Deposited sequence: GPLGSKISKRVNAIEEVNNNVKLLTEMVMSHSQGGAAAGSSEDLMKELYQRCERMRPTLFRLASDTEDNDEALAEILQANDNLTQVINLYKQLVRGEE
C-alpha cells in the first residue's frame, strides 16, 4: 500500500501530462512517445496490484480507477499520434 500508492500517484501525475502532450500535438513528439512508452509498462504493475487486493474493496477501487485513466490516455494516443 506504500507501493500501491506510488504506483497510483505516478499514474495519475502522468496521465495528466501525457494527455496534454497528446492534444498539444495538433521535436515534441520525442519527449512524448517516450512517456507513452513508460505508461505502457505501468499496466503490468496495475495488474499485479489489482490481483492482490484481498477484499480491500476501496484500495482495489483506487487501482482500477487509475487503470481507467491510464487506459483512456493510452486509447487517445493510439488514435491521434497513431
### Sequence order list of spans that the model leaves without C-alpha positions, deposited numbering
1-6, 33-39, 96-98
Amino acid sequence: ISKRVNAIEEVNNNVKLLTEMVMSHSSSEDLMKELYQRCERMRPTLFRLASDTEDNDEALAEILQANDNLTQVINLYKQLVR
From here on, numbers count along this sequence of modelled residues.
### Query
For the stretches 8-16 and 55-63, which has the higher mean C-alpha B-factor as given in the deposited record?
55-63
### Query
In the PDB record, does 30-38 or 46-54 carry the higher mean Cα temperature factor?
30-38
### Query
C-alpha B factor of residue 73, ranked within the chain: lowest, middle or highest third?
middle
